[PDB]
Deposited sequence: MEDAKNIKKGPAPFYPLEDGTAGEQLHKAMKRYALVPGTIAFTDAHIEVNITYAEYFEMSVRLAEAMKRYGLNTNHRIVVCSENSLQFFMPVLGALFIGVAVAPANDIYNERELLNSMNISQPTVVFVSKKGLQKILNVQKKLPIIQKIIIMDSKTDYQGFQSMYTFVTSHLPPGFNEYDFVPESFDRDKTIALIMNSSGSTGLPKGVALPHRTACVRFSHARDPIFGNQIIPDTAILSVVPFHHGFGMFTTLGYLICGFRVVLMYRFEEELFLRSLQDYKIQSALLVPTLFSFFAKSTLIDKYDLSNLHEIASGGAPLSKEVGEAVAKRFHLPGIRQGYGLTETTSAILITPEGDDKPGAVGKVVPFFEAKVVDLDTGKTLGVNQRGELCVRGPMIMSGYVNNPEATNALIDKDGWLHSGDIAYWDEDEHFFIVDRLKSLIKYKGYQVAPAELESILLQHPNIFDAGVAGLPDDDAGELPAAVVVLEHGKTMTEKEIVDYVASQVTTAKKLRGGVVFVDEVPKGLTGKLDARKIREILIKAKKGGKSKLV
């Protein structure tokens, strides 16, 4: 019964051709040509980095990786707290079809070993503070030939930085504005291997390309408007942080980052950077439902606060929205296996307690926990989704893949949900 399969509407903008790398390259090149355009700001150390710096360094890393010998048969790991440098190797690798496997930087050596044993990287990009953990893992994973330090300018403890690595491999006369990213089959070439013991979630470039349609959608994303600034405290190595941030770069936004939550810094950053949109997780919503300091700050530029990654009660949401003088909360629901959010609060059409509506290109249904049948409006069952951001599979684990995704393409979330007569979805429980 089609009437009971909720479908997203048409994208405000058609899906662009090209790989995720090509699409990011093209957008960032444009922003780079406007001096002073800010890509990232570190709220802790206060430093800004422009699109020109980001673009040039990401292109130089792409070419250097290529010259070192990396191609679509290789993976890299990026292991780092949120930082100005985090996205440099991500973008560089996307530019040349090298799969990127972000590794949780609070993993211990064991979860880290499990992660990198699944992703099997040739080169590991790591922050200074993760270097020891990586050296220890490398002792067991000899495929790791090269370790590069992300947040250093010079060599660091005998290891090259991104800067000296690039200088080691760039051809003479290399021109970052003549560079052309690689073109390949975006359905078959993996962009990201994200972690779910966790599994590896393989995401073709196609999925990021669909994300980039959503990100700039005036209803399901953020309208592109000059001088937009986001405050993001969510981890970049997780799908919530990874795919919001890539979308923000596509949009030319200023992404102000924190890698440690602090109440005063967070509020003062909202005020002082005139933030339009802030990204939190539900436990930080409970935090701000307790906060009394919010009204000591001028937050009149703030348009939205976004949440995802876990259940948010409608009353905690209403309390936070009210404290921040917002009409509502911008929720998103997704899994690592769906790349990004596939239910998102439509702009101007928020409903407290809802997780939003089906995004463009997707469909969602809820099925009876007994009859496996599709249910109608206001009926609770297991949420299933189908669409072009669904993972190609768990890495080297097709049994787990088959257990999650059935023959007709439906991903069975394991979450209990219902949808209402406006086609808003409510997550209500889990199996």
| property | result |
| --- | --- |
| Deposited residues absent from the coordinates (by C-alpha) | 1-2, 199-203, 439-551 |
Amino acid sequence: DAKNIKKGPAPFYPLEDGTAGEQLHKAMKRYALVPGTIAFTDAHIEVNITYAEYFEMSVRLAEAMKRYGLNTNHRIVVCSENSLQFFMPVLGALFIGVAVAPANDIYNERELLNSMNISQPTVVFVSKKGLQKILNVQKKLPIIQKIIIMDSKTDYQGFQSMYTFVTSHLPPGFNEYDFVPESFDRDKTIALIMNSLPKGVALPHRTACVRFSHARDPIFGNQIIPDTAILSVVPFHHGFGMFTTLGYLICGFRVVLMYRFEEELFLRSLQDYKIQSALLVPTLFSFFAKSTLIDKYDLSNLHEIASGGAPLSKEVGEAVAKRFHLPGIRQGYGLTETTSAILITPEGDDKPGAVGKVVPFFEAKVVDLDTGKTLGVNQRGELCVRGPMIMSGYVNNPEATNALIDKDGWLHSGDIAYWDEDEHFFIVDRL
From here on, numbers count along this sequence of modelled residues.
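In this text, rigid core is short for the largest set of C-alphas that superpose within 1.5 Å between two forms.
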item: Which of 33-41 and 366-374 lies farther from this form in 4 other deposited structures of this protein, as RMS of C-alpha positions after a rigid core fit; value: 366-374
item: Farther-lying stretch by C-alpha RMS in 4 other deposited structures of this protein (rigid core fit) among 278-286, 152-160; value: 278-286
item: Average Cα temperature factor in the PDB entry - higher stretch of 357-365, 78-86; value: 357-365
item: Higher-scoring stretch by recorded Cα B factor average, 108-116 or 165-173; value: 108-116
item: Residue, from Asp178, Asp295, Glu263, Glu182, that the PDB entry assigns the highest Cα B-factor; value: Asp295
item: Residue with maximal Cα B-factor (values as given in the PDB entry) among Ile190, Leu141, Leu131, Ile342; value: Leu141
item: Chain third (lowest, middle, highest) by recorded CA B-factor, residue given as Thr228; value: middle
item: Chain-wide C-alpha B factor ranking for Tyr248, given as lowest, middle or highest third; value: lowest
item: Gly18 CA temperature factor, ranked by third within the chain; value: middle
item: Relative C-alpha B-factor of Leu267, binned into the chain's lowest, middle or highest third; value: lowest
item: B-factor third for the C-alpha atom of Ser152 within its chain; value: middle
